[PDB]
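Data from target.cif: mmCIF, C-alpha atoms; chains and numbers go by the auth columns
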data_run
loop_
_atom_site.group_PDB
_atom_site.id
_atom_site.type_symbol
_atom_site.label_atom_id
_atom_site.label_comp_id
_atom_site.label_asym_id
_atom_site.label_seq_id
_atom_site.Cartn_x
_atom_site.Cartn_y
_atom_site.Cartn_z
_atom_site.B_iso_or_equiv
_atom_site.auth_seq_id
_atom_site.auth_asym_id
ATOM 1 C CA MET A 1 0.000 0.000 0.000 0.00 1 A
ATOM 2 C CA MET A 2 1.633 3.203 -1.307 0.00 2 A
ATOM 3 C CA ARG A 3 0.667 5.785 -3.956 0.00 3 A
ATOM 4 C CA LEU A 4 3.077 6.236 -6.882 0.00 4 A
ATOM 5 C CA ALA A 5 3.074 9.494 -8.895 0.00 5 A
ATOM 6 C CA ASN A 6 1.480 8.758 -12.305 0.00 6 A
ATOM 7 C CA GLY A 7 2.921 11.972 -13.772 0.00 7 A
ATOM 8 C CA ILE A 8 5.084 15.016 -12.998 0.00 8 A
ATOM 9 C CA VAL A 9 4.880 17.392 -10.007 0.00 9 A
ATOM 10 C CA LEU A 10 6.089 20.479 -11.914 0.00 10 A
ATOM 11 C CA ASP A 11 7.256 21.294 -15.468 0.00 11 A
ATOM 12 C CA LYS A 12 10.722 22.573 -16.504 0.00 12 A
ATOM 13 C CA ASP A 13 11.739 24.581 -19.615 0.00 13 A
ATOM 14 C CA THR A 14 15.061 22.658 -19.945 0.00 14 A
ATOM 15 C CA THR A 15 13.430 20.758 -22.834 0.00 15 A
ATOM 16 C CA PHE A 16 13.940 23.963 -24.916 0.00 16 A
ATOM 17 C CA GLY A 17 10.768 23.204 -26.889 0.00 17 A
ATOM 18 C CA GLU A 18 10.287 20.109 -29.008 0.00 18 A
ATOM 19 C CA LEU A 19 13.762 18.569 -29.404 0.00 19 A
ATOM 20 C CA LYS A 20 13.488 15.856 -32.065 0.00 20 A
ATOM 21 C CA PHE A 21 16.300 13.743 -33.570 0.00 21 A
ATOM 22 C CA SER A 22 17.438 14.134 -37.209 0.00 22 A
ATOM 23 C CA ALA A 23 20.945 12.674 -37.707 0.00 23 A
ATOM 24 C CA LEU A 24 24.524 12.422 -36.393 0.00 24 A
ATOM 25 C CA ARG A 25 26.293 15.403 -38.012 0.00 25 A
ATOM 26 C CA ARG A 26 29.916 14.559 -37.137 0.00 26 A
ATOM 27 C CA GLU A 27 31.955 12.941 -34.350 0.00 27 A
ATOM 28 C CA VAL A 28 35.068 15.141 -33.993 0.00 28 A
ATOM 29 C CA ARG A 29 38.146 13.130 -32.968 0.00 29 A
ATOM 30 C CA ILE A 30 41.502 13.617 -31.206 0.00 30 A
ATOM 31 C CA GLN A 31 44.044 15.133 -33.646 0.00 31 A
ATOM 32 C CA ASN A 32 47.717 14.055 -33.377 0.00 32 A
ATOM 33 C CA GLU A 33 50.501 16.697 -33.211 0.00 33 A
ATOM 34 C CA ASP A 34 52.038 15.289 -36.421 0.00 34 A
ATOM 35 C CA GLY A 35 48.899 16.381 -38.298 0.00 35 A
ATOM 36 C CA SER A 36 46.671 13.330 -38.925 0.00 36 A
ATOM 37 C CA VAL A 37 43.603 12.752 -36.723 0.00 37 A
ATOM 38 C CA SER A 38 43.194 9.693 -34.449 0.00 38 A
ATOM 39 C CA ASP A 39 40.440 7.057 -34.371 0.00 39 A
ATOM 40 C CA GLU A 40 39.558 8.096 -30.781 0.00 40 A
ATOM 41 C CA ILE A 41 36.630 10.497 -30.254 0.00 41 A
ATOM 42 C CA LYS A 42 36.650 14.022 -28.734 0.00 42 A
ATOM 43 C CA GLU A 43 32.998 15.192 -29.066 0.00 43 A
ATOM 44 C CA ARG A 44 29.860 14.002 -30.934 0.00 44 A
ATOM 45 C CA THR A 45 27.776 16.548 -32.926 0.00 45 A
ATOM 46 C CA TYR A 46 24.072 15.684 -33.487 0.00 46 A
ATOM 47 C CA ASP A 47 21.373 17.239 -35.714 0.00 47 A
ATOM 48 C CA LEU A 48 18.258 18.248 -33.707 0.00 48 A
ATOM 49 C CA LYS A 49 15.228 20.298 -34.854 0.00 49 A
ATOM 50 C CA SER A 50 13.475 22.640 -32.386 0.00 50 A
ATOM 51 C CA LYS A 51 10.228 24.662 -32.419 0.00 51 A
ATOM 52 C CA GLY A 52 10.869 28.424 -32.579 0.00 52 A
ATOM 53 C CA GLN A 53 12.957 30.303 -35.174 0.00 53 A
ATOM 54 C CA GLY A 54 13.194 27.285 -37.520 0.00 54 A
ATOM 55 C CA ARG A 55 16.915 26.592 -36.986 0.00 55 A
ATOM 56 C CA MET A 56 18.558 23.139 -36.944 0.00 56 A
ATOM 57 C CA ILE A 57 20.737 23.158 -33.801 0.00 57 A
ATOM 58 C CA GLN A 58 24.172 21.496 -33.553 0.00 58 A
ATOM 59 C CA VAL A 59 24.354 19.629 -30.214 0.00 59 A
ATOM 60 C CA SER A 60 27.863 18.473 -29.206 0.00 60 A
ATOM 61 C CA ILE A 61 28.498 16.088 -26.276 0.00 61 A
ATOM 62 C CA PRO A 62 31.953 14.971 -24.922 0.00 62 A
ATOM 63 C CA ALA A 63 33.546 11.594 -25.877 0.00 63 A
ATOM 64 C CA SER A 64 32.951 10.217 -22.340 0.00 64 A
ATOM 65 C CA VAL A 65 29.251 10.171 -23.316 0.00 65 A
ATOM 66 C CA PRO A 66 28.159 7.105 -25.415 0.00 66 A
ATOM 67 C CA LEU A 67 26.231 7.300 -28.727 0.00 67 A
ATOM 68 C CA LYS A 68 22.396 7.194 -28.579 0.00 68 A
ATOM 69 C CA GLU A 69 20.817 5.168 -31.405 0.00 69 A
ATOM 70 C CA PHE A 70 17.491 7.092 -31.551 0.00 70 A
ATOM 71 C CA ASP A 71 14.883 7.003 -34.356 0.00 71 A
ATOM 72 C CA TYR A 72 13.942 9.969 -36.580 0.00 72 A
ATOM 73 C CA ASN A 73 12.071 12.785 -34.740 0.00 73 A
ATOM 74 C CA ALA A 74 12.470 10.977 -31.376 0.00 74 A
ATOM 75 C CA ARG A 75 11.688 13.383 -28.481 0.00 75 A
ATOM 76 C CA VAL A 76 14.796 14.146 -26.380 0.00 76 A
ATOM 77 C CA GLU A 77 15.803 16.628 -23.646 0.00 77 A
ATOM 78 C CA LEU A 78 19.278 17.862 -22.621 0.00 78 A
ATOM 79 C CA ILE A 79 20.735 17.687 -19.084 0.00 79 A
ATOM 80 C CA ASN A 80 23.068 20.745 -19.178 0.00 80 A
ATOM 81 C CA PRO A 81 22.769 22.529 -22.605 0.00 81 A
ATOM 82 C CA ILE A 82 24.936 25.632 -23.282 0.00 82 A
ATOM 83 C CA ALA A 83 25.141 27.693 -26.513 0.00 83 A
ATOM 84 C CA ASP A 84 28.872 28.404 -26.969 0.00 84 A
ATOM 85 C CA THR A 85 30.929 31.081 -28.746 0.00 85 A
ATOM 86 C CA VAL A 86 34.166 29.032 -28.915 0.00 86 A
ATOM 87 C CA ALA A 87 33.352 27.389 -32.278 0.00 87 A
ATOM 88 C CA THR A 88 32.558 30.685 -34.064 0.00 88 A
ATOM 89 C CA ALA A 89 35.745 32.041 -32.408 0.00 89 A
ATOM 90 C CA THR A 90 38.010 29.631 -34.369 0.00 90 A
ATOM 91 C CA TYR A 91 35.828 29.204 -37.491 0.00 91 A
ATOM 92 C CA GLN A 92 34.729 31.893 -39.984 0.00 92 A
ATOM 93 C CA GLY A 93 32.288 31.594 -42.904 0.00 93 A
ATOM 94 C CA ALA A 94 31.565 27.905 -42.221 0.00 94 A
ATOM 95 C CA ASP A 95 29.272 28.720 -39.263 0.00 95 A
ATOM 96 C CA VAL A 96 25.886 28.624 -41.048 0.00 96 A
ATOM 97 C CA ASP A 97 24.057 27.390 -37.905 0.00 97 A
ATOM 98 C CA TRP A 98 24.618 27.883 -34.142 0.00 98 A
ATOM 99 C CA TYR A 99 26.305 25.378 -31.776 0.00 99 A
ATOM 100 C CA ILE A 100 25.069 24.038 -28.410 0.00 100 A
ATOM 101 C CA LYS A 101 27.460 22.031 -26.193 0.00 101 A
ATOM 102 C CA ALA A 102 25.597 19.620 -23.870 0.00 102 A
ATOM 103 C CA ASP A 103 26.293 17.266 -20.946 0.00 103 A
ATOM 104 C CA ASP A 104 24.128 14.220 -21.800 0.00 104 A
ATOM 105 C CA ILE A 105 21.231 13.360 -24.161 0.00 105 A
ATOM 106 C CA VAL A 106 18.109 11.605 -22.763 0.00 106 A
ATOM 107 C CA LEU A 107 14.470 11.134 -23.876 0.00 107 A
ATOM 108 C CA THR A 108 11.775 13.639 -22.803 0.00 108 A
ATOM 109 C CA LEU A 109 10.523 12.126 -19.506 0.00 109 A
ATOM 110 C CA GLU A 110 7.867 14.838 -18.897 0.00 110 A
#
Have the structure of the file written as structure tokens, please.
Amino acid sequence: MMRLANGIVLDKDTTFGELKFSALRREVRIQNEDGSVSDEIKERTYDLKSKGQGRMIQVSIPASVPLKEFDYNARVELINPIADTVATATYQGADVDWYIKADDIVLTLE
């Protein structure tokens, strides 16, 4: 005898809006001093669509975080998402969309 919550107590705006999967843009890897890049990963950049200004957002998570094999338009939410200015600080002209570095990628539990 005990009552289990069938839903959520409160709502949080961490979900951004509707975050739905599109593809895996690119997994950037550890570059060797000699020049050539290694087979080991550094960060993983994903393609996610969000409701708002109509921009496809580039979500990058560190190598310590495993890959998530999600289906197309699967609803996800980010633990600690931050929109950076470090990418556009080293790149110029290639930055057609904006970058968001995240902690971990999970499914929308709310």
Residue neighbourhood region 45-54 of chain A, 10 Å, all atoms listed in the file, exclusion window fewer than 6 positions, as a PyMOL selection string: chain A and resi 15-28+60-62+67-68+72-76+99-102
Please provide the set of residues having any atom within 12 Å of residue 87 (chain A), restricted to only C-alpha atoms, with same-chain residues fewer than 2 positions apart removed, written as a list in words. residues 58, 60, 83, 84, 85, 89, 90, 91, 92, 93, 94, 95, 96, 97, 98, 99, 100 and 101 of chain A
Go through A:105, A:33, A:42, A:10 and flag the residue nearest residue 59 (chain A), using all atoms listed in the file for the distances. A:105
Would you work out the distance separating CA of residue 107 (chain A) from CA of residue 5 (chain A), expressed in Å to one decimal?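 Computing the Euclidean distance for CA of residue 107 (chain A) and CA of residue 5 (chain A) yields 18.9 Å.
Of the listed residues (A:106, A:63, A:37, A:56), A:106 comes nearest to residue 80 (chain A); the distances count all atoms listed in the file.
A search radius of 7 Å centred on (40.2, 12.8, -33.7), applied to all atoms listed in the file, returns the residues residues 28, 29, 30, 31, 37, 38, 39, 40, 41 and 42 of chain A.
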Rebuild region 32-50 of chain A so that it carries N, CA, C and O atoms, then output the result as an mmCIF file, in the frame of the given file.
data_model
loop_
_atom_site.group_PDB
_atom_site.id
_atom_site.type_symbol
_atom_site.label_atom_id
_atom_site.label_comp_id
_atom_site.auth_asym_id
_atom_site.auth_seq_id
_atom_site.Cartn_x
_atom_site.Cartn_y
_atom_site.Cartn_z
ATOM 1 N N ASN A 32 46.322 14.254 -33.796
ATOM 2 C CA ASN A 32 47.717 14.055 -33.377
ATOM 3 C C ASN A 32 48.582 15.267 -33.762
ATOM 4 O O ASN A 32 48.312 15.938 -34.761
ATOM 5 N N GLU A 33 49.630 15.533 -32.978
ATOM 6 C CA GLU A 33 50.501 16.697 -33.211
ATOM 7 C C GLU A 33 51.131 16.671 -34.611
ATOM 8 O O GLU A 33 51.338 17.717 -35.231
ATOM 9 N N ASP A 34 51.439 15.472 -35.096
ATOM 10 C CA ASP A 34 52.038 15.289 -36.421
ATOM 11 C C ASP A 34 51.142 15.845 -37.540
ATOM 12 O O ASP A 34 51.630 16.248 -38.597
ATOM 13 N N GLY A 35 49.832 15.867 -37.301
ATOM 14 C CA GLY A 35 48.899 16.381 -38.298
ATOM 15 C C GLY A 35 47.637 15.536 -38.425
ATOM 16 O O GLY A 35 46.526 16.037 -38.245
ATOM 17 N N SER A 36 47.809 14.248 -38.728
ATOM 18 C CA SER A 36 46.671 13.330 -38.925
ATOM 19 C C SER A 36 45.828 13.163 -37.651
ATOM 20 O O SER A 36 46.337 13.233 -36.529
ATOM 21 N N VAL A 37 44.538 12.915 -37.837
ATOM 22 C CA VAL A 37 43.603 12.752 -36.723
ATOM 23 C C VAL A 37 43.498 11.278 -36.295
ATOM 24 O O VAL A 37 43.624 10.371 -37.118
ATOM 25 N N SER A 38 43.274 11.053 -35.005
ATOM 26 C CA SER A 38 43.194 9.693 -34.449
ATOM 27 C C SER A 38 41.816 9.059 -34.669
ATOM 28 O O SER A 38 40.883 9.697 -35.162
ATOM 29 N N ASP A 39 41.704 7.790 -34.296
ATOM 30 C CA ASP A 39 40.440 7.057 -34.371
ATOM 31 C C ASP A 39 39.615 7.235 -33.082
ATOM 32 O O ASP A 39 38.440 6.867 -33.026
ATOM 33 N N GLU A 40 40.238 7.816 -32.054
ATOM 34 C CA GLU A 40 39.558 8.096 -30.781
ATOM 35 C C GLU A 40 38.742 9.394 -30.843
ATOM 36 O O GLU A 40 39.157 10.378 -31.457
ATOM 37 N N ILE A 41 37.598 9.394 -30.168
ATOM 38 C CA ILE A 41 36.630 10.497 -30.254
ATOM 39 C C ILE A 41 36.961 11.644 -29.276
ATOM 40 O O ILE A 41 37.586 11.432 -28.239
ATOM 41 N N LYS A 42 36.532 12.859 -29.623
ATOM 42 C CA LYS A 42 36.650 14.022 -28.734
ATOM 43 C C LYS A 42 35.248 14.507 -28.306
ATOM 44 O O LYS A 42 34.935 14.564 -27.115
ATOM 45 N N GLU A 43 34.414 14.853 -29.292
ATOM 46 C CA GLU A 43 32.998 15.192 -29.066
ATOM 47 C C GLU A 43 32.114 14.629 -30.192
ATOM 48 O O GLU A 43 32.603 14.318 -31.281
ATOM 49 N N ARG A 44 30.814 14.503 -29.932
ATOM 50 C CA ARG A 44 29.860 14.002 -30.934
ATOM 51 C C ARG A 44 28.788 15.062 -31.251
ATOM 52 O O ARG A 44 28.015 15.452 -30.375
ATOM 53 N N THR A 45 28.744 15.517 -32.502
ATOM 54 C CA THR A 45 27.776 16.548 -32.926
ATOM 55 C C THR A 45 26.521 15.928 -33.570
ATOM 56 O O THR A 45 26.613 15.217 -34.577
ATOM 57 N N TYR A 46 25.353 16.212 -32.992
ATOM 58 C CA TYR A 46 24.072 15.684 -33.487
ATOM 59 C C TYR A 46 23.216 16.776 -34.155
ATOM 60 O O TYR A 46 23.326 17.962 -33.831
ATOM 61 N N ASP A 47 22.349 16.351 -35.073
ATOM 62 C CA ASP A 47 21.373 17.239 -35.714
ATOM 63 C C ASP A 47 20.006 17.138 -35.017
ATOM 64 O O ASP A 47 19.348 16.094 -35.079
ATOM 65 N N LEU A 48 19.582 18.211 -34.350
ATOM 66 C CA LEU A 48 18.258 18.248 -33.707
ATOM 67 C C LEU A 48 17.425 19.436 -34.215
ATOM 68 O O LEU A 48 17.941 20.547 -34.367
ATOM 69 N N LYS A 49 16.137 19.205 -34.482
ATOM 70 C CA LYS A 49 15.228 20.298 -34.854
ATOM 71 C C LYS A 49 14.417 20.757 -33.635
ATOM 72 O O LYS A 49 13.991 19.940 -32.816
ATOM 73 N N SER A 50 14.217 22.068 -33.515
ATOM 74 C CA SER A 50 13.475 22.640 -32.386
ATOM 75 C C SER A 50 12.401 23.628 -32.861
ATOM 76 O O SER A 50 12.547 24.277 -33.898
#
